[PDB]
Amino acid sequence: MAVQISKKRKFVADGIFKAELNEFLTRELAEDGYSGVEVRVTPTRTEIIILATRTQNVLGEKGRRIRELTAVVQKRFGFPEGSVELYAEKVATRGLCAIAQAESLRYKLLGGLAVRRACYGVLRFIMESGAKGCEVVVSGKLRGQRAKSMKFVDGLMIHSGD
Amino acid sequence: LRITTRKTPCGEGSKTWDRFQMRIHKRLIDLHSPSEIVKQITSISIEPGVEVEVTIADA
Amino acid sequence: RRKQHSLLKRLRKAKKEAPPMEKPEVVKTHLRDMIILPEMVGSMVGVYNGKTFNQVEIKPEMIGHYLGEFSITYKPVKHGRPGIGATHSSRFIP
Amino acid sequence: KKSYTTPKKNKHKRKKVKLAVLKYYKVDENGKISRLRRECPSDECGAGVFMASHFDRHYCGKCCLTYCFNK
Amino acid sequence: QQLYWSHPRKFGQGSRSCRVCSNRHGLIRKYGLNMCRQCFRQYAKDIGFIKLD
Amino acid sequence: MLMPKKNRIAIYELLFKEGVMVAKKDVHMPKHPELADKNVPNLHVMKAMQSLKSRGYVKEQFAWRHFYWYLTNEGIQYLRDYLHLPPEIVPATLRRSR
Amino acid sequence: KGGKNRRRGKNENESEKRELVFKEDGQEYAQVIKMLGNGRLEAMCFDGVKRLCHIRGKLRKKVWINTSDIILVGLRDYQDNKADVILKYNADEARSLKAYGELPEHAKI
RNA sequence: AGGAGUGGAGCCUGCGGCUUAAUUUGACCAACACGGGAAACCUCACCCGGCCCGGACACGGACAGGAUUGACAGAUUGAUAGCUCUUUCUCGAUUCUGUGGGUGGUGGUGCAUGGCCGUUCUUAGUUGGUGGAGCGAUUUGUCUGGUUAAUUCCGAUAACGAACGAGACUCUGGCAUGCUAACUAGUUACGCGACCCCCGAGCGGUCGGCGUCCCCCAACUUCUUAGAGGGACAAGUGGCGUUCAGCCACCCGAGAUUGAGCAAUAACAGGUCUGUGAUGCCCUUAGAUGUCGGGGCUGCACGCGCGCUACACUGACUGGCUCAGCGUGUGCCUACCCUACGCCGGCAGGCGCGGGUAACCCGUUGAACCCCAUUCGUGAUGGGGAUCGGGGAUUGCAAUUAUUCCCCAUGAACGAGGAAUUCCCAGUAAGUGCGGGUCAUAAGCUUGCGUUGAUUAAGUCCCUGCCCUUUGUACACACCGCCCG
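In structure tokens form, the structure reads like this:
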């Protein structure tokens with residue numbers, strides 16, 4: 001159980017764990033209203049706070065899904081056994097959570113629905129929830145086999161500076 | 061940490077690059093006191109993601 | 050000896066069985082690498098190029114060299130008649 | 082990239098001939114069992130399998146790199 | 004079956020592989036990368052870096 | 001074969017115990033370390049899970065050169081009868097998550 | 007052309023080389039005699055019969071057929087005097103066909 | 001206005017053409033030392049041979065004297081591939097065989113697409129609401145004028161009140177004897193004792209000078225390090241301007257511009273299916289476009305581009321002196337780092353020991369140009385180092401079409417370069433070295449960094465091009481347009 005890697009390499013390996021997880025989860029919790037994570041190592045314990053809007057579908061009946069997820073991480077990155085501990089979290093104010101708003105629009109569209117009315121519906125929600133402004137783009141095909149672009153915009157926006 | 065790499069995949073067009081940087085910071089406070097009360101008080105009262113490494117002796 | 054074994058036994062063998070005052074048939078190789086040595090002399094070896102086994106007799110004057118120097122793997126080159134765009138003039142048609 | 086051009090041979094895997102099975106034990110009277118050729122002597126061999134009667138070659142087929150007598 | 008399937012890969016551009024899918028061509032090692040320059044860009048936002056200069 | 005009959009058991013039994021399997025995409029793994037201990041010299045995990053997945057009984061994710069196979073209820077019934085196990089045993093997990 | 011522009015909006019290209027129908031029934035090799043304008047053109051067939059050749063869609067402004075050279079021509083099902091161009095070849099392709107001994111050995115390039 | 005070059009010569013490298021069994025392929029201001037693309041194998045998409053299935057699943061067939069598996073030797077074979085054949089054991093329902101159905105592909109289509117990037121465009125541009133003006137397309141707002149680097153402000157006003165870009169912002173440089181605190185950073189002070197030379201007063205001691213060990217329970221934080229703060233605002237003065245917005249000079253001093261990052265609307269049939277387990281459709285899929293061995297991407301009568309080294313005396317050569325910075329480093333990928341010190345060798349190098357997770361060890365980075373003293377003498381010379389012979393080392397499984405490095409010998413073009421053309425305004429150009437990137441071995445490349453450090457300008461619309469207004473048009477695929485005999 002030693003020694004330990006250089007301080008320069010210490011941050012890179014943390015970043016790789018922070019990033020890989022964040023795309024692992026997005027391919028499973030897409031329908032559950034995923035919105036991110038926030039990792040924290042704590043004394044002799046890992047915390048992985050799995051942020052999603054509806055904790056219901058994440059939990060499952062008898063906590064099956066959360067049990068699957070913990071057993072995965074325990075084998076995959078070769079964690080010492082029983083150190084890993086998951087936690088869930090529900091976010092309040094869901095219209096500032098761009099990641100979830102975009103991935104909700106996805107399943108509305110892929111569910112089979114018109115584009116204009118769908119874009120309007122998501123727009124007023126993120127405006128209502130609080131926001132100076134907001135924007136939506138849909139680039140690709142529709143009504144033939146040449147591509148187009150469709151912008152739906154309301155309020156303020158910024159594009160330059162820090 | 062510097063990383064100086066292409067901004068264009070599949071190089072074409074005017075030749076451009078992109079400087080990325082990460083800045084680490086180190087600093088250390090030396091105490092001399094019993095190792096118990098140190099290891100007690102140290103590990104608690106930390107809100108952010110910031111690392112700490114306790115050493116037995118150095119001097 | 051990294052399984053050059055296969056070559057060196059066939060050479061001595063074929064050299065032995067062959068009639069006196071006559072050379073053997075051939076042993077073939079895809080190996081273009083192996084030092085020419087005194088014991089190898091008198092044998093006849095075909096050496097793969099990209100498709101073709103160019104046969105060569107081994108001389109005592111070739112010792113030290115490799116096999117692959119005595120078999121070429123390209124046509125020497127001929128030309129040519131410069132083509133069209135072969136310069137800052139070729140262009141236009143309609 | 083382009084499609085395969087005609088060969089003038091290809092044959093894949095041999096059919097590993099459809100021999101009659103167990104005549105390796107010979108019965109002429111009971112309870113006697115008339116064994117032919119010796120059963121394989123290695124520790125890792127079980128010595129319940131027969132060795133090949135392959136004269137001018139004598140080879141255990143359970144082994145696959147070792148134990149080849151020839152006389 | 005066969006008695007071979009492989010041949011020495013111990014150094015060179017074929018014995019290291021980059022993490023796109025086992026992609027190559029795009030020789031990479033830096034500071035413990037093993038990470039593909041096209042996707043490195045997409046992880047400018049993700050942690051490891053935030054662009055500041 | 002396709003693979004031995006020993007090495008089947010060692011995958012199907014190991015899956016039943018953790019409730020989940022994971023592996024990497026390679027074909028030059030020499031003995032497959034990182035459980036199944038030193039008796040899978042080839043694909044075998046990936047090749048046997050895929051056939052199992054064809055017939056349902058499991059779900060499969062894939063992300064950054066790593067598989068993740070999630071056992072399901074239907075496969076628990078199958079594996080339970082297939083390996084001649086008690087009519088109520090799940091050693092993978094069974095408790096309420098708080 | 008000599009470079010220019012607006013010549014990329016549209017499908018570059020080229021002949022990645024390639025190969026090789028004939029003749030078929032009423033679909034054979036001819037040589038350009040003249041080079042009229044407007045669009046049509048002249049071309050004597052290799053058999054001995056003359057005919058007047060006509061351009062075909064696509065090949066319009068997508069392929070220039072300079073004067074003199076082999077070219078693939080369909081014959082009209084009923085018409086003798088006028089015939090219909092197909093499928094041109096390459097000058098290299100035409101000398102390979104000549105070396106094979108399939109078209110008559112009479113015309114030079 | 002000038003500075004240094006390119007085009008000329010030799011060499012490196014990319015591109016075209018030609019050759020070839022294959023010489024894989026994209027790209028034509030905004031391609032061409034570009035695809036991290038400096039290819040021994042691998043890579044690898046190409047060409048030629050050989051092997052394997054890693055053809056799920058379903059249904060039917062086969063089938064426990066049995067579906068099936070593997071292999072010695074001999075022959076064959078590049079092969080020690082049971083690949084094939086001879087020979088005859090071995091494995092045991094995992095299979096094989098037929099049909100249906102999948103799967104893989106650096107296969108095709110960037111003119112089916114996502115994403116990203118480049119470019120129009122480094123300029124100052126851009127839009128809706130309500131009202132006004134028009135049958136309407138539209139227009140006003142977005143302006144005659146002054147002013148600014150800037151649609152920046154002042155002002156005018158059938159418009160009024162707003163938004164995006166500009167600016168603001170972030171990083172970096174320049175100003176702290178103020179603040180905060182340091183044996184993984186220093187300085188000073190002695191305590192010193194030790195070494196050294198009288199070198200200076202004196203005698204050698206001491207006082208002074210030279211560095212190192214000794215240094216502390218010494219003192220301090222100027223130097224070094226990195227944090228919190230302050231400082232610059234056209235602030236003050238003199239001119240000029242409507243005296244408005246601003247502009248010029250000067251004091252103080254760091255002068256209102258040190259350099260980068262971020263960057264709008266709309267567009268392109270721009271690049272990329274060979275970054276993508278992003279993706280449509282089509283193709284191919286057992287005689288495979290999915291694996292091992294060998295060859296090729298380096299092949300030359302030629303054309304072009306990016307660069308490197310040179311044509312000497314403001315130099316070369318041989319000794320001597322003396323200064324730096326940004327970084328990086330084994331414990332990582334799968335077998336591998338940076339090196340001090342000792343010993344051996346002319347050199348490349350070998351060998352023995354030790355440290356370094358790194359303001360801790362390499363490294364007080366004891367670098368080059370430059371500086372100081374010999375030699376050569378205007379000579380294609382000792383300038384130049386191309387070509388080429390022989391020999392010695394290192395990396396690797398393998399070094400041939402010479403991987404790289406070293407030693408001796410050989411000693412070419414070239415003696416300042418046509419028509420043309422590129423780039424640059426202050427620690428800037430130019431000269432000069434170094435670190436990082438690719439890396440088993442190896443930069444003439446690219447990306448950063450220090451060191452030495454000029455001449456010329458403080459302008460203009462002449463050329464090339466861009467922004468705004470007015471005007472004309474048979475143009476709108478938009479002058480690379482249209483059209484006549």
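Protein chains in written order, with PDB author numbering: chain F, 1 to 162; chain W, 61 to 119; chain R, 50 to 143; chain f, 82 to 152; chain e, 4 to 56; chain M, 1 to 98; chain j, 7 to 115. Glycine residues also receive a C-beta, built at the ideal position from the N, C-alpha and C atoms.
- Proximity of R130 (chain R) to chain j, defined by a Cβ-Cβ separation below 9 Å, is not satisfied.
- The CB of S9 (chain e) comes closer than 7 Å to the CB of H28 in chain M, given here in chain order.
- Note on the region 73 to 122 of chain F: whole beta strand (DSSP E) runs with a minimum of 3 residues are 84 to 89, in chain order.
- Among the CB atoms of chain F, none fall inside 9 Å of the CB of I101 (chain W).
- DSSP places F67 (chain M) inside the beta strand (DSSP E), whose first and last residues are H66 to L71.
- Fewer than three Cβ pairs drawn from the region 37 to 45 of chain F and the region 73 to 81 of chain F lie within less than 8 Å of each other, which leaves the two stretches out of contact.
- At least one C-beta of chain e is nearer than 9 Å to the C-beta of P69 (chain W).
- For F62 (chain M), the secondary structure class from DSSP, reduced to helix, strand or coil, is strand.
- For the options F:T53, F:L59 and F:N22, the alpha carbon positioned closest to that of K90 (chain F) is the one of F:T53.
- One finds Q81 in chain W with Cβ atoms closer than 7 Å to the Cβ of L55 (chain e), taken in chain order.
- Distance from the CA atom of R46 (chain j) to the CA atom of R140 (chain R), rounded to whole angstroms, is 24 Å.
- Distance from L83 (chain M) to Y12 (chain M) at the Cβ level is roughly 7 Å; contact confirmed, criterion being Cβ atoms closer than 8 Å.
- Contact between the region 18 to 35 of chain e and the region 17 to 34 of chain F is absent: fewer than 3 CB-CB pairs across the two stretches fall below 8 Å.
- It is roughly 10 Å from the alpha-carbon of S149 (chain F) to the alpha-carbon of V136 (chain F).
- Here the C-alpha atom of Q16 (chain e) lies approximately 37 Å from the C-alpha atom of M89 (chain R).
- Contact between the region 84 to 97 of chain j and the region 61 to 68 of chain j is established, with three or more Cβ pairs separated by less than 8 Å.
- Put simply, the backbone Cα of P87 (chain R) is about 6 Å away from that of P109 (chain R).
- Close to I5 (chain F), with beta-carbon spacing below 9 Å, lies no residue of chain M; the smallest spacing is near 20 Å.
- In terms of Cβ geometry, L109 (chain F) and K132 (chain F) do not form a close pair [threshold 9 Å].
- For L103 (chain f), the number of other beta carbons within 10 angstroms of its own is below 16, and it is reported as exposed.
- At a C-beta separation below 8 Å, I84 (chain W) has these neighbours in chain F: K7, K8 and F11.
- Among the bridge pairs identified by DSSP, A89 (chain j) is matched with j:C59.
- Looking at the DSSP output, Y115 (chain R) sits in a beta bridge with R:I84.
- By the neighbour-count criterion, in which a residue is buried when 16 or more other Cβ atoms sit within 10 angstroms of its Cβ, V27 (chain j) is exposed.
- Contacts with chain F (Cβ-Cβ distance below 7 Å) from the region 11 to 35 of chain M involve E18, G19, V20 and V22, listed in chain order.
- Across the structure, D90 (chain W) and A117 (chain W) are spaced so that their CA atoms are roughly 10 Å apart.
- Interface flag for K33 (chain e) against chain W is set, since a Cβ pair is found closer than 9 Å.
- Distance from the CA of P91 (chain M) to the CA of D37 (chain M), rounded to the nearest whole angstrom, comes to 20 Å.
- Apart from sequence neighbours up to five positions away, no residue of its chain approaches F24 (chain F) with a beta-carbon distance below 8 Å.
- Here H44 (chain M) is buried. Its C-beta has 16 or more other C-beta atoms within 10 Å.
- Using a CB distance cut-off of 9 Å, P143 (chain R) counts as an interface residue toward chain j.
- Between the alpha carbons of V115 (chain F) and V153 (chain F) lies a distance of about 14 Å.
- DSSP places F141 (chain R) in the coil class of the three-state scheme, outside both helix and strand.
- If you draw a straight line from the Cα of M111 (chain R) to the Cα of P88 (chain f), it comes to about 39 Å.
- The beta-carbon distance between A19 (chain F) and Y7 (chain e), rounded to whole angstroms, is 39 Å. This is too long to meet the 8 Å contact definition.
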